[PDB]
Amino acid sequence: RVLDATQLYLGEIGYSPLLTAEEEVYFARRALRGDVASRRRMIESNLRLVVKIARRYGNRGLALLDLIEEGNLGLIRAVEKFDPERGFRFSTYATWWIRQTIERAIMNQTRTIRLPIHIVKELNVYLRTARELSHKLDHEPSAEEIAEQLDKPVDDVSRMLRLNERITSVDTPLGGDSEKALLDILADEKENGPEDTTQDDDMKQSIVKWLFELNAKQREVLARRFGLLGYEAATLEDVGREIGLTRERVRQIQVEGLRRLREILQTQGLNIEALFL
Amino acid sequence: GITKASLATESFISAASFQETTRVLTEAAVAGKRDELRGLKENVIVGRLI
Amino acid sequence: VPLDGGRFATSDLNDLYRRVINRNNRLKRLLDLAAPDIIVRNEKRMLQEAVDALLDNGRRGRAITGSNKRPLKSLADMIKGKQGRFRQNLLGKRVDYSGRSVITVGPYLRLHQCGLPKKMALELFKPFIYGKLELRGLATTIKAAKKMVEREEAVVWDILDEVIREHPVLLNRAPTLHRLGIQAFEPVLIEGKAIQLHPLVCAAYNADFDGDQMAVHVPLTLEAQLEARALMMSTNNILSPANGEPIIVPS
Amino acid sequence: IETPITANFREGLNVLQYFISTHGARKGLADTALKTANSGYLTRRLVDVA
Amino acid sequence: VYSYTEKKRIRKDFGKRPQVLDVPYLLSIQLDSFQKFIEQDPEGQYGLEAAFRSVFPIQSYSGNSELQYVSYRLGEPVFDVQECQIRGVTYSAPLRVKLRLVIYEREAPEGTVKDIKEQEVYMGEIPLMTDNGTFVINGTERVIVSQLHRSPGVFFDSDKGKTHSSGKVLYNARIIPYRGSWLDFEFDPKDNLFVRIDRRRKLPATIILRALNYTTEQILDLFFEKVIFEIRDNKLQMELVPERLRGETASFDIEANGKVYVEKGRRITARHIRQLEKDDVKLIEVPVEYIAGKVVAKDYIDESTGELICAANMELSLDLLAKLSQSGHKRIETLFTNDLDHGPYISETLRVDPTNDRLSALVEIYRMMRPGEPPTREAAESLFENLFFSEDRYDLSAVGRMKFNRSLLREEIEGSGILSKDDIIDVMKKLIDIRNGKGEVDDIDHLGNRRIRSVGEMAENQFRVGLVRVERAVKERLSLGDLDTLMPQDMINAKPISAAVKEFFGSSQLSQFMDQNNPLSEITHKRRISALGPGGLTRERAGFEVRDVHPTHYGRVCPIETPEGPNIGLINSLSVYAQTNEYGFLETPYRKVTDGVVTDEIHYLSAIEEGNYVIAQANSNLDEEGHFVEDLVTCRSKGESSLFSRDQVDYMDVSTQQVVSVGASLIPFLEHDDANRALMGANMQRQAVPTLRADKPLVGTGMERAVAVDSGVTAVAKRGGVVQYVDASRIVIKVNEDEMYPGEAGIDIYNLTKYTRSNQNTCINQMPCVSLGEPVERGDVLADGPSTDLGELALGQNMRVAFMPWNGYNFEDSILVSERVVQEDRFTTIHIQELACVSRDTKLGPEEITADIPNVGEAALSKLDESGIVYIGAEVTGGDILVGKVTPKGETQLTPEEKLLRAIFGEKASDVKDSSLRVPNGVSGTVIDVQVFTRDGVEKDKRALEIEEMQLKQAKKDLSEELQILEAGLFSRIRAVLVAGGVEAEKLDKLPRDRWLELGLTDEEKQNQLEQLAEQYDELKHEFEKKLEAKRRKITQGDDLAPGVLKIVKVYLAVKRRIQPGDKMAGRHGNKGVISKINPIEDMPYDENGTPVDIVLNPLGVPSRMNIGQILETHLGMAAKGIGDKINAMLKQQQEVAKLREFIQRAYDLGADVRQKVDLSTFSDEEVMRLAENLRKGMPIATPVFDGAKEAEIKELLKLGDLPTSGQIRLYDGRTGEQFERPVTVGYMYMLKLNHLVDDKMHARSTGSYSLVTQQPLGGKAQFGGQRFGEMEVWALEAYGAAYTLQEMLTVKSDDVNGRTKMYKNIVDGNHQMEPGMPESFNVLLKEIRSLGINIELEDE
RNA sequence: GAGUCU
DNA sequence: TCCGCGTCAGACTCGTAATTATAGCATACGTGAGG
DNA sequence: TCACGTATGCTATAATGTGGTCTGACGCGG
Ligand SMILES: [Mg+2]
Ligand SMILES: [Mg+2]
């Protein structure tokens, strides 16, 4: 017995009939015509080819059994759209599918933030150019050296090379054995600390008292425009919907509320003190 | 022994916080045990008064 | 979350969840395709592997390594052992209103006292200063009080001095072998940046001045001020709990 | 060690006497780093039961 | 006798052992190892040459095409070290290698001459090593530590009583290759031999033997002897070797031709053995019952039928002996198997062995390593061949083969990397010999089994992985690719080789940050040996046996030098005179003793070779090139010391210092210090920050000058001569004709490295220590480093120390320092600090660097210039902006309250927010430099343009001075050559010099000299342009940065931190301490003379510590200053040059029998007064490690200064004025300011950032984090009862989100109220357990 | 990974 | 008796941030704006 | 109904079973 998933699947596909020339045509003839037995024993037989193609495309994106799975899906589409009428072989035709299905599925799953087909194939043109430039410019090629070789924008070469930058994992230690990782250092900036939390409570509870302080028509008109006491942040012209119904008198009364409040901030001890903030 | 008397306590939260975390939680899960937070470890965890 | 630079960073669970979803979605598609069982079996094996790796990575087989060559941290791992939630983030914690520094002697001090630096005590007792600054009528709001303290105004030193009188601070040394490894003292504000420790309690801490560092904690609540003063005060804790003999003994 | 050091620190140890002294120096300083973990683990086990 | 820089200040040496071998270069291992890795060796493959020869030529799977290595070359580095440290790039060289695609014809057998393509391909830039043994990676000097790993070869070992319960010592063997699978042989409780490869499952040991075609019959005829049993008529007979019946009981009546020798049940002693051997007894008659139990050796088939009567390896009996005799066999071979001597192991192993023949064994071996896979004859035979028997997958290497052969007591030293059949069997043989009795196991801790593996060899290893990674892509693209179109570079990839070597010079445990806060740290860190690393130990796998000190270390590795961390025996500094053996083991010099006379020929004995000979100790008195005086000499051999006769002495220790390291050599009076304290002292001496003023040590050893010079930090004279030009920035020296080369002008230039940052943010400055127009000898120190003084190492400062207690201000090693030490700014340290400002590219847009910043006072923009960068020289403090940076922000949702307040003032936040580089919180200094790196194409600031203007004009004047001094120096020689031939002195120097090169002489050897000087003048003239263009190009060149980054401004501050309470200080005997109080000068103790003490130490920090060297240092330091104060008094009095000559002469020749002998009659008057001028601060004294000054010599020196024998003076309290009750030990101890300074260590936090998942406070001052309250700290408050104190720290100070913000508000309201909740970390535990598939719920009240 | 207090 | 799994003191400081490789082009699929 | 990024699709010489670390210890089950 062997309890490894890989050497077990490899044992199963081993005891499978390696098809000859008109054996492929004989089964594929009834496969396109639609046969239970043909599709299985064509696919079952040609699993041995998938493994070899998947073996060469390794240490790149997925592990290995993952390349075989996506490789087997390409072999199934090779069988659905094979043409036995043509004198050409199946191993020729299916090699195009298994290299294709694996290339195309690696491009998607290999990265954490999902990178599309266009941006990746864009990138491969820049990468193969870089290797040709590197052998004659000894040092690695710059983004301008690559951009200037293809006569394409410097921002476009920079954009795509920036997406190539891989993601560092949080659980990875800087220390070594068991000191600290990146979660132990990186701050939650979305949750503000008690100092910043209580300042907006004190700023906004200070303002609730300064509303009751100014005149009755001035703190009504000023508050409901900014949406401080009211429900929606309206404009000078939209304060007319309430009771004001004015354009000029609203603008004079809004500014009159702010002018009396500017002197309330110069006396309490802010104005230029709270201008820096 | 100490290591065994610690794991024998009815409080599974005391037991899983000591050692054998993988084993304590599974044996408590299958027995459907309820820890009523008796000792100090339990209240230190939940952030209560000792 | 985004690292400062354009790089991002992710947990190892995201990488294990992605293996499980890929193999589950592919499995559904191969069942839709009515593929041979040989192919279906391989996919069911890989699903078991990815689920078992998500739950407990290093248990059934070889743990699934990511890019770094180390194995991907599983869910079980964040519960289990030392670096688990329990021992590191729950039976023990990082604490607000704490600092540390290099300790030095204070042979003028009384047994109930400890030298606490100016700038340490300023950062330690921030909310109590903003609270006195509103009561004395010096600052209108907290943002105003924040800048008064940041400028280190002359009035602020006087208020800092006012809060700290009769307000204890806890001092701790590693390793915390016995309860006397933490004792409470009344702070004395000093000139330099170094903690001054009472010589007689040096025995309890096992603290020699050849560059030891001691942690500071502020008991904020009134309960905590009374607990510091009644139980954990140095003058209250003279005999050893191990043996009925004084630990506070001249050397 | 079968050969003890006749000399003292005022008189000074010779080349070999020092080399013999180091055997015992390192082993002591070694227990200060390593064996403290066996002892400190006792502290932990005792606390969890009591 | 003594050179010019030595003439300035001679150290009085108390040595008495003439140094026959001078101290070697201390940085030898780093330079020599890497030198082998790069030096292109022609045949004797090493480093890169070996790498290519090993892997190439690589050939295709079709076998038609292949790639072949020709030759490689290193290109000059893109940026030199100077510019690498600045821009932040690796100092590396292009690797250009010639590779040829040779193609065979598939029709012809091997049609070799078909296509011979050729091109020189780039693959990677290998990092180059500096002159001081460093690699500059990303602008940081880094050192790769040499590894100490288990040597390859065979090594026999045994579990004593760890295997099994009985305590059967199971012996074992391991054949360890440099590459390839391991081969283990081991016993079992039941004494059966077994084999395991790569520690896989257990297989019978005879299974590998069958796999090597050994039949049952051959296997028994390798290990066992033969006993021939002759059947004559009826009586059975046996062939005797008398020696075999040895310590055995005679089972039957041993009787020969006519004599009964031994009776039944009687022990055969040595006499019975020689009785039979003297009588020459050959055949003995024996019973038939004696063979019952004997094992038959070979097969015996019936001649009559032709079938097996008995197979090989089967126990005979009376019925089988009857069948053998009658069949036609009256001569039986039999296995000789004693119970204690010649043991039956292979015999019982063969019965356990399930395999039958060769092919059955190969299957079984295949089935182990590749389980489940059905075997074939191709697969089984090919695997077993690819394990140990392939050129490719197996290599012991030269060291492996040499150690393998020398273990098996072989003749041959060098041989094959592949295991042969002989090798495997010989090893099984020796394993059985050890089980039997002759032979013992080797111990692993022996340095003869610990091989040293420096940088060059580990760089070669990783470079080989690079070529192996390319091997895949070569074999791949050779088969698929067309033969005609394909060039070799399309198949090679440069990124794998670059990446595998970059992994070593970056990710590797042994490549690390150079500890450069002190020349001693730099030089001892380069001399470091770590047993940790890839292919070595782990702390997990480290026992105590490897950690502790081993006999072999003596002279190779220092026993008093190692960290006191988890790495206590793993990391180790190299000894002084230690060296790497040709193979790799360590070795120590030894003076040979021929005819009892000690010869000055030195032999570097390896760990192995040392054990044979007896080595006398260095303590032994020679008759001054006669022989040992004393009849009995104290020596050591075979890992132990004892007394010996003189003719029996074989060797002797070369120096007194050889057992110790570089760190420990600098401890004075180490002989009187405990090993424990001496360790910490040598470790803290490395941490000593260099001070503002480099003060020499008064009480040194003499190794100071060796360390300072070899460290590389001091600018040294390449060639001697007169100094033409002196300056703070550079030194230009003209060379003497004899050493000066005839080609060039012969003027050396030393542009001294100026106030510059270190890796620990400390200072590095080179000050010129020679005056304007001074005659200098070759190899003298022209300029002093940061921690060096007139060539001697200066880690700290020496000062008047009084050992007495003081009001408990020196309680527990607490130190009381005078204000005068702080006032003199002598312990004040420079801290240059590097802070970078980066404009990146966010999603919304690129970041600007302008003085136009939203929300800023004029106080911040005041020190910035137009571009938004602080002026050079401008003092700055925490908060102040160094570089104005502004970042784009989306149109953020302003809260109505904010929108009001912005509409109240009018100043509304703009689209671009803010992220300016500002001085870190609390730190403060002066801006000494700003460096700007703009990307090629992005908008340049006007400040950047001023810096380009500054660098360019400075570069033009710098290379103008290069050609100017070189031109003047070159014609100076031409003028001297022109006089030798056509002398027209005054008249030729009147008109212009420009047309001097046209003038020649008649055709002599001196005319040929004029030709080289005129051609070289134009060579430098044309080189001046191409050089100036290179500088101009690099300055205009856009610096290519990381993705997203548009430009970076690097600001350099200079903090000048003085000593304060909290700062850590120490001496050199492990005597630590913390300043407690700076006592005013008025208060300090003072002697009757009136001179106040600098430091007051606690005397109770000495007896417990047992570090008495600090007290001998103090006494001698007092004596040293006593001489200085006498010479200072005589120079103030201005007595007489003959008087200074007499007093100094009596001082230098005061010791009982001193090694050095300074005759002052040789010194001229001018030379003496320069010397006296430096001795007046105090006569520097040298106390070698173990060959130091005695008490009598120190007390004798104290009398020369008219000071007490005691070294204790009556001091008087500064406060009161009255005397202390007794004399107090006072004197000068050289103390050191450690890097643990309190301004860095002090930290405090009330409220700050919180973590992402746990929602707890961050950790450390680097992140401004709160303190960890661990379970240890939790138990303390648990124990007291204070549950509120605890709950506070568990909830509102930690996770409780509503608790922490609410409590902050309670305390500001004044009300110290506990309003808690439940930690978010528990809420996380719940969701993490529920995601496991475990229902965990809060069943409530 | 190199340190500091035990 | 052998294989497997489980423990292995407490805080602190620093320091840095890497690599590979996936072809090329034509119709198909979804959403938003403009006539 | 195009514009634009994203996605799906197909290529017919034959090709058909995979290939990093190697040393802990002392206890306690199954
Ligand atoms: Mg002490
Ligand atoms: Mg200490």
# chains A, B, ... in the order shown; residues from 1 in each chain; ligands from 1

call {"tool": "interface_residues", "arguments": {"of": "chain E", "to": "chain F", "cutoff": "8 Å", "atoms": "only C-alpha atoms (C1' of nucleotides)", "output": "PyMOL selection string"}}
result
chain E and resi 509+512-513+515+1236

call {"tool": "interface_residues", "arguments": {"of": "chain E", "to": "chain D", "cutoff": "6 Å", "atoms": "only C-alpha atoms", "output": "count of residues only"}}
result
6

call {"tool": "select_by_dssp", "arguments": {"residues": "range 27-157 of chain A", "states": "helix (DSSP H, G or I)", "output": "JSON, numbers by chain"}}
result
{"A": [27, 28, 29, 30, 31, 32, 33, 36, 37, 38, 39, 40, 41, 42, 43, 44, 45, 47, 48, 49, 50, 51, 52, 53, 54, 55, 56, 65, 66, 67, 68, 69, 70, 71, 72, 73, 74, 75, 76, 77, 78, 79, 80, 90, 91, 92, 93, 94, 95, 96, 97, 98, 99, 100, 101, 102, 103, 104, 105, 106, 107, 108, 109, 117, 118, 119, 120, 121, 122, 123, 124, 125, 126, 127, 128, 129, 130, 131, 132, 133, 134, 135, 136, 143, 144, 145, 146, 147, 148, 149, 150, 154, 155, 156, 157]}

call {"tool": "atom_distance", "arguments": {"atom1": "CA of residue 761 in chain E", "atom2": "atom 1 (Mg, counted along the ligand's line) of ligand 2"}}
result
25.5 Å

call {"tool": "residues_around", "arguments": {"residues": "residue 12 in chain B", "least_positions_apart": "2", "cutoff": "9 Å", "atoms": "only C-alpha atoms (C1' of nucleotides)", "output": "ChimeraX atom specification"}}
result
/B:7-10,14-17,24-25,28,33-35

call {"tool": "residues_near_ligand", "arguments": {"ligand": "ligand 2", "cutoff": "7 Å", "atoms": "only C-alpha atoms (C1' of nucleotides) and all ligand atoms", "output": "PyMOL selection string"}}
result
(chain C and resi 207-212) or (chain F and resi 5-6)

call {"tool": "write_last_selection", "arguments": {"atoms": "C-alpha atoms (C1' of nucleotides)", "output": "PDB file, in the first residue's frame"}}
result
ATOM      1  CA  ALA C 207      17.740  43.874  40.073  1.00  0.00           C
ATOM      2  CA  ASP C 208      21.432  44.861  39.886  1.00  0.00           C
ATOM      3  CA  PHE C 209      22.212  48.241  38.284  1.00  0.00           C
ATOM      4  CA  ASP C 210      24.458  47.066  35.405  1.00  0.00           C
ATOM      5  CA  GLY C 211      21.759  48.124  32.908  1.00  0.00           C
ATOM      6  CA  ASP C 212      18.563  46.404  34.018  1.00  0.00           C
TER       7      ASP C 212
ATOM      8  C1'   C F   5      18.575  41.517  31.772  1.00  0.00           C
ATOM      9  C1'   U F   6      18.054  37.795  34.536  1.00  0.00           C
TER      10        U F   6
END

call {"tool": "closest_residue", "arguments": {"among": "E:1102, E:409, E:10, E:1093", "to": "ligand 1", "atoms": "only C-alpha atoms and all ligand atoms"}}
result
E:1102

call {"tool": "closest_residue", "arguments": {"among": "C:115, C:104, C:130, C:63", "to": "ligand 1", "atoms": "only C-alpha atoms and all ligand atoms"}}
result
C:104

call {"tool": "interface_residues", "arguments": {"of": "chain C", "to": "chain G", "cutoff": "10 Å", "atoms": "only C-alpha atoms (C1' of nucleotides)", "output": "MDAnalysis selection string"}}
result
chainID C and resid 67:68 81 100:101 172:177 213:215

call {"tool": "residues_around", "arguments": {"residues": "residue 237 in chain A", "least_positions_apart": "4", "cutoff": "8 Å", "atoms": "only C-alpha atoms (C1' of nucleotides)", "output": "PDB file with N, CA, C and O atoms, in the first residue's frame"}}
result
ATOM      1  N   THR A 246     -35.118  81.906   1.064  1.00  0.00           N
ATOM      2  CA  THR A 246     -34.369  83.084   0.533  1.00  0.00           C
ATOM      3  C   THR A 246     -33.024  82.638  -0.048  1.00  0.00           C
ATOM      4  O   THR A 246     -32.570  81.530   0.294  1.00  0.00           O
ATOM      5  N   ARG A 247     -32.424  83.481  -0.894  1.00  0.00           N
ATOM      6  CA  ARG A 247     -31.085  83.195  -1.475  1.00  0.00           C
ATOM      7  C   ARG A 247     -30.071  84.166  -0.867  1.00  0.00           C
ATOM      8  O   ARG A 247     -28.992  83.695  -0.453  1.00  0.00           O
ATOM      9  N   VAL A 250     -30.353  84.102   3.377  1.00  0.00           N
ATOM     10  CA  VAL A 250     -29.699  82.841   3.852  1.00  0.00           C
ATOM     11  C   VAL A 250     -28.176  83.028   3.872  1.00  0.00           C
ATOM     12  O   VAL A 250     -27.546  82.593   4.856  1.00  0.00           O
TER      13      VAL A 250
END

call {"tool": "select_by_dssp", "arguments": {"residues": "range 363-563 of chain E", "states": "strand (DSSP E or B)", "output": "tab-separated table (two decimals) with N, CA, C and O atoms, in the first residue's frame"}}
result
chain	number	residue	atom	x	y	z
E	395	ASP	N	29.84	12.66	-4.87
E	395	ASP	CA	31.20	13.25	-4.78
E	395	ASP	C	31.59	13.39	-3.30
E	395	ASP	O	30.88	14.14	-2.58
E	450	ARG	N	35.79	18.34	12.58
E	450	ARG	CA	35.07	19.60	12.34
E	450	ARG	C	35.86	20.38	11.30
E	450	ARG	O	36.93	20.92	11.64
E	451	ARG	N	35.31	20.48	10.09
E	451	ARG	CA	36.04	21.22	9.03
E	451	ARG	C	35.51	22.65	8.88
E	451	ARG	O	34.28	22.84	8.88
E	452	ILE	N	36.45	23.59	8.69
E	452	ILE	CA	36.12	25.03	8.51
E	452	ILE	C	35.81	25.30	7.03
E	452	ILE	O	36.58	24.85	6.14
E	453	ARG	N	34.72	26.02	6.80
E	453	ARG	CA	34.17	26.26	5.44
E	453	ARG	C	33.97	27.75	5.30
E	453	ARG	O	32.94	28.26	5.72
E	511	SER	N	25.46	35.29	6.01
E	511	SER	CA	25.64	36.68	5.52
E	511	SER	C	24.85	37.60	6.46
E	511	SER	O	23.65	37.30	6.69
E	512	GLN	N	25.49	38.61	7.07
E	512	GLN	CA	24.77	39.45	8.06
E	512	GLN	C	25.41	40.83	8.19
E	512	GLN	O	26.51	41.06	7.60
E	513	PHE	N	24.72	41.69	8.95
E	513	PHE	CA	25.10	43.10	9.22
E	513	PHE	C	26.42	43.15	9.95
E	513	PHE	O	26.53	42.52	11.02
E	528	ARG	N	34.98	35.21	12.78
E	528	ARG	CA	34.00	34.49	13.60
E	528	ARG	C	33.77	33.14	12.94
E	528	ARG	O	33.93	33.05	11.73
E	529	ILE	N	33.50	32.14	13.77
E	529	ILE	CA	33.12	30.79	13.27
E	529	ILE	C	31.74	30.44	13.85
E	529	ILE	O	31.62	30.28	15.09
E	530	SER	N	30.75	30.29	12.98
E	530	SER	CA	29.44	29.80	13.48
E	530	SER	C	29.17	28.35	13.03
E	530	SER	O	29.24	28.02	11.84
E	532	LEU	N	26.24	27.20	13.38
E	532	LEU	CA	24.89	27.30	12.79
E	532	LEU	C	24.95	27.58	11.29
E	532	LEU	O	26.00	28.05	10.78
E	537	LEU	N	24.59	22.83	12.50
E	537	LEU	CA	23.68	22.52	13.62
E	537	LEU	C	22.51	23.50	13.63
E	537	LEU	O	22.47	24.44	12.81
E	557	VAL	N	40.79	27.58	18.38
E	557	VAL	CA	39.63	28.41	18.73
E	557	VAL	C	39.78	28.82	20.19
E	557	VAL	O	40.20	27.98	21.00
